[PDB]
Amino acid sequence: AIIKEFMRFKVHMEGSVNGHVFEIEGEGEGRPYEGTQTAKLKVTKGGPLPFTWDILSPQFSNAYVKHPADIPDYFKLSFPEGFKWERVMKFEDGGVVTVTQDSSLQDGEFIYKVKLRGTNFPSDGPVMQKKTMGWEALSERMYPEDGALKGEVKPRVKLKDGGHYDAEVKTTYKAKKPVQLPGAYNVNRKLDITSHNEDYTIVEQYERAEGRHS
């Protein structure tokens, strides 16, 4: 029931995007104090998915962010009980992804349960047409509000023909028990898909994430 220098996680997602219903199960691992982690995800129901993996990759882990020694680490402090989060991603062309997630620590591993709903993506837009090619580095501002920790960022996905496709992402993180909130700070993140099979039914990804004073 402590957070070791190396930790595994297991994750299950139930999702629907533009009506396409699917599930994903995955196995992750990483170094929670160093802010590095990887995961191997399998689409177990509904594959192959008719849309880009890039809208799913950010839903698969803030226990693995490296925090400065003098900032309360809300995510790590929430364990072993853990924390929940609720996210809305609004994309520039009207698509919307809503996500709810539960994180806990059971028998030495983190257990993540994700529910995702995407709607209103244009049928010929970049998400449904698999035109995106991964996230640029991003900086998420975390700030305390109403006894929870909110994060906000306007991250960008690269397009295969040279553009970018923009989103506004807002997440509320809430520990299951009351834990010390930090003052506002930033989390710098780089999320990469490192391997995948042809139809993206098996995917590996990696994230490096580090908190910094603002």
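One rule holds for the numbers: they count along the sequence shown, beginning at 1.
- Where residue 60 is followed by residue 61 in the displayed chain, the model omits 1 to 3 of the deposited residues that sit between the two.
- Averaged over CA atoms, B-factors in the entry run higher in 137-145 than in the other of 91-99 and 137-145.
- As listed in the deposited structure, the average C-alpha B-factor of 50-58 and of 152-160 is greater for 152-160.
- Ranked by Cα temperature factor within the chain, residue 128 sits in the middle third according to the deposited record.
- Sort the chain's modelled residues by C-alpha temperature factor and residue 105 lands in the highest third, per the entry.
- Split the chain's modelled residues into thirds by C-alpha temperature factor. Residue 204 is in the middle one.
- When the modelled residues of the chain are ordered by C-alpha B-factor, residue 173 sits in the middle third.
- Among all modelled residues in this chain, the alpha-carbon of residue 10 has a temperature factor (C-alpha) in the lowest third.
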